[PDB]
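No lab work stands behind these numbers, since they all come straight from the coordinates. FYI the Cβ positions are ideal-geometry reconstructions off the backbone, even for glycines, and counts take in every protein chain you see.
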RNA sequence: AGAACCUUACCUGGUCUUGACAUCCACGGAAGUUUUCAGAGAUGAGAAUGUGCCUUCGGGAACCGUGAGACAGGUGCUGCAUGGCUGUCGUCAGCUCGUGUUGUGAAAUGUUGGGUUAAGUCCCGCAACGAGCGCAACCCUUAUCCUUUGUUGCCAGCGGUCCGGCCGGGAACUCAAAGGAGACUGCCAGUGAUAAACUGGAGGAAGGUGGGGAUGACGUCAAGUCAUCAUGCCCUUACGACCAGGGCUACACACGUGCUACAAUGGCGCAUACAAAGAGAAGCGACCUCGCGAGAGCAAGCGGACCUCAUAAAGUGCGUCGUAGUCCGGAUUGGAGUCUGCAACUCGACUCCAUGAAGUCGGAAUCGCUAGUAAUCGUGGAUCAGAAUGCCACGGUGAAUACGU
């Protein structure tokens, strides 16, 4: 996971309506994710879910060439039934460790 | 000309007026703009002042005028001569 | 068999789409027919370019609509469904048709 | 074009939208050779009664931006002049200058 | 065994096959005399063969599409030449000399805005 | 033109006799790009002519042509106040063409019914040394003779 | 009206399209109209925000707008407050689900349209047109444009007789198709009349 | 890139005046839905249904109604106030600048000169040295090849046959796109100033910019357009708005651009062959049936390499006419009708039967075209209910001539 895009958010240190984990907790639990793409080298997934209960990794509306190999990876704990969450993840492919500070100016595509 | 299956054309209002006239038995001229209206057998005898664009020109209907339209007997343009 | 009609204005984009579709097909199912190029529609337009008058003054535009016919011979359980989540790049109208 | 003209056009369109079902039916009736003469006559008269702006052959295709009656194109809904501008700007997808 | 050459001229596209035989020409399941009513066309299709004495030696099956008659004939001729080239590869020089190896690239010039035709300008007047 | 002389384009010989000259003649005759009809007409003319004069079809035609070819034509220089027509020796390629053209013109003129027939008649006349083309040729020559002072 | 439009001639090669969607003859005109509307709205809204290029892209009955702007901060406002607001209106305009993206324009002195806009603004607030033009040219050059041209036309300094003046610097090849020529235009609605500003900015040649 | 109505901006009448088109409040009513008489119509008067999103209830946002004004509206004037867009010389090879130098200076030089080129193209020289915009190249298309992928496209070799690629199939060929290769005076000889080049030839599908297109320098014409659009005085119970009818189609005449002719290289009749490129859902409309025909009825196939428009015509073969104002020519007019359309009187197209003008190659003069060009033959498209001989496209056949300046 490289870029996470949640709707109705300002920064990662805010909080959201209807969830348990805070947004830094959500970003950590998304950093632990294990994805296996086949054809492309950069894909965009989608997670949309409402209702009371935990948000597994098995709730992501998969495409054809992406395979999420951990169907019990928890991300959120939605508590309000009127709460919703719609994040759009971006999954690149590389090696080593490239962090946010160096990837703050390295990124060319404005 | 109009198709035979469609019948002849006459404006509804004009027709009504004609009918009224017939009923009355009057011979006062009916001023009309429906130049596109065909003349009918029942219209024979009536004077009907057809518009020519500018003014209503009186047309005493005859037995020979039936198949024709009202605009045929009310010429619009007014050319006398070039000299 | 699933016939797939890709239509787009940009040819490169269309090509990219086609490849992607093939990839999607080939991992899940087996015996993908192939990316068959149909004839391109070159819908031309002439227009007068002056605001008022100059009739010989003209621009002749066109829109090249490209067609790609991809067919899938064996529809399995896994394969057909894979396209639902697998949306293609924008500006490429796809048209799947089984049988 | 004027605003007024545009408004008129819009009105015409609206009328067309409204009266389509009836008008079409009337037309069908008039056509139908296997039908009564009186009925046909009535239909013909009925049609006359309906508003003129209800006809689709009344409404003129104008440019969707400027309302210019002439030089129109159907695919774009725009007059030639505006179409060209759009093309130049990149606003019409796929459209580029053609040579052969 | 059958040898082959593609023919092309104007909007025509001939598919000439050369086989060893007696010298019978079939064009779209019809004889040379049946298909080409014109003598000139016939001549053009026989030209290359005439040039290199193999008229009696080889049969040729043809199918041609597109264009008119003369163009079609030309295409056929071209195809034949190609076939010959493929088959012998030592008759090339003669063909070149003749001017049959050359694909005649003359297409119809497009109509151009302003003009009534490819080059005919409309009638001019100062007044 | 000003800039560059160009090589004359390739002409195919006619299918019947295998002649370049004949082909050229046919082309000249032709109108509206209806070559085939024109060629047929030419053939007809030849056949009739052959029948008339004996010989061959081609040979006879050649002979006919020979009687209408101009040795010398004239051109307008006009260097002075008034125009001076100057004679010039007309080249092999051109002379042949000119004769053919003249013949065609004569045929066109002629009062006989079918085109082919007319052409044949013209050819015959040429062979014999009477007719329209021959007259034209004579006139051309005559003019040249008159203006022989200029050279 | 001599010259061909520099963007328009290059759409197949080095320049891309703004509206990027497919549609059949049925829905195409409507789509175009929608695009025109939304774009118009955006221009109206984000006038004070320096906006260069609106790129519309609609897949699967849902409109994706991409606003190229020099300062995202004023277009975004507070994080997801202004953008969100924009989105619903865009959707309304279209009649479909909307999605607004905002690209940050690096080097607004090299973006031609932006420059033009700036010039227009300057003209409106009664500066010496010439000085503005100079500034435009100079700045671009400083920033690393291979070349720039700008042209302004009509009622310059409120003069009765209209004229055009233009400043070029570096190289601005227009006949060369492979040249990245960012062209754009603007109009200063001054007290004396309109003053049209054209500007060509040559980023460099593309090799492919 | 299409005037019957509409379009329409004009005329005649009939009407409206915060208005047909917007924003704003005030307050009357949910919007809207159906129907009635008068009227040329615009409009002016009636009968049925509904009360949705929310209220410490002075009410609201959509959508009608009325009055006030703020304003709307103007295809009204100025293109000699403008922007934008366009023509034009001219796709002509030119037009400039910086720094240096020359001249009191306007200016010059570069940019001239020797050659050469399609080219201010290139070389060589030289008080110039450099640079930019243009001349070229990059882009599309067309001409040859290769690779990839083969249905709705193809059928070389295989088997079957209703002798139809139609059905097993085959992936060859055509064709279809996508990606590469190829042409650069690169190779050879001569001429040339030890050059740039030129002349020829070899190969090659293509040869010297291969053919065609797009591309239009600085500028010129106070060139065109305020009626596309935008934009810096005038009208605002009317130079604004609605309506019906008429006009834009008038006709002593003059000019422009086209079509069709005057015939036999032809007309007519019967048979019969070979295209390309396009369009199509309020759309293209097979087959079959009826109609002399335009068409009508029924009604599949098809958002389309599949189905439809859709028979290409000139051509070819056989017959006839035999140089006549004709079996040339079709105008004109009468009758009767078909379709579109509320509606074909003014004023549509097409059909049938009749009618059968002028015209026998055109005065002075005057235009186009150098090749797949002209000439000629059909085909399609846009606008478009309908309405092209125009415009924009497509292929068929297919010349003549260029000595030269």
Cβ-Cβ FRET estimate between residue A:44 and residue E:117, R0 fixed at 56 Å, reported to 0.05: 0.55
Protection-proxy order for peptides F:121-132, A:79-90, each taking the mean of Cβ atoms within 10 Å per residue, highest first: F:121-132, A:79-90
Value of [θ]222 nm, deg cm²/dmol, for chain A, DSSP H segments ≥ 4, -39500 (n - 2.57) each, nearest 500: -2500 deg cm²/dmol
222 nm mean residue ellipticity, helices alone, for chain C (DSSP H n ≥ 4; -39,500 (n - 2.57); rounded to 500): -8500 deg cm²/dmol
Dmax and Rg, reported as Rg then Dmax, of the protein assembly as shown (C-alpha, Å): 40.9, 121
Relative packing of peptides G:69-78, F:27-36 - highest average C-beta neighbours within 10 Å first: G:69-78, F:27-36
Gaussian network model of chain C, Cα within-10 Å springs - most flexible of C:20, C:43, C:74: C:43
Chain A, relative contact order in percent, only Cα pairs under 8 angstrom and at least six apart counted: 36
Relative contact order [Cα under 8 Å, 6+ residues apart], chain G, whole percent: 18
Zone residues, region C:42-65, relative to residue D:74, backbone N less than 19 Å from point 7 Å out along Cα-to-Cβ: C:42-48, C:61-65
Under 17 Å from the residue C:12 label point (7 Å along Cα→beta-carbon), backbone N, region C:83-99: C:89-92
Shielding by other protein chains, G:21-32, mean Cβ within 10 Å: 6
Förster radius 22 Å - calculated FRET efficiency between residue C:44 and residue D:58, Cβ distance, rounded to 0.05: 0.10
Point-to-point label distance, residue E:4-residue C:96, nm (Cα→Cβ direction, 7 Å offset): 3.8
Average beta carbon contacts from partner chains per residue of A:57-64, 10 Å cutoff: 4
Chain D: relative contact order in percent, alpha carbon pairs under 8 Å with at least 6 residues between: 24
Average beta carbon contacts from partner chains per residue of A:38-47, 10 Å cutoff: 2
Estimated distance in nm for a label pair at residue A:67 and residue F:129, the labels positioned 7 Å out from Cα along Cα-to-Cβ: 10.4
Highest-fluctuation residue, G:23, G:91, G:145 considered, GNM on chain G with Cα pairs under 10 Å: G:23
At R0 = 56 Å, FRET efficiency that the Cβ-Cβ distance of residue C:58 and residue B:63 yields, to 0.05: 0.35
Computed label-point distance, nm, for sites residue G:41 and residue F:78 using a 7 Å Cα→Cβ extension: 7.5
CD proxy at 222 nm, helix term only [per DSSP H run n ≥ 4: -39500 (n - 2.57); per residue of chain G; nearest 500]: -10000 deg cm²/dmol
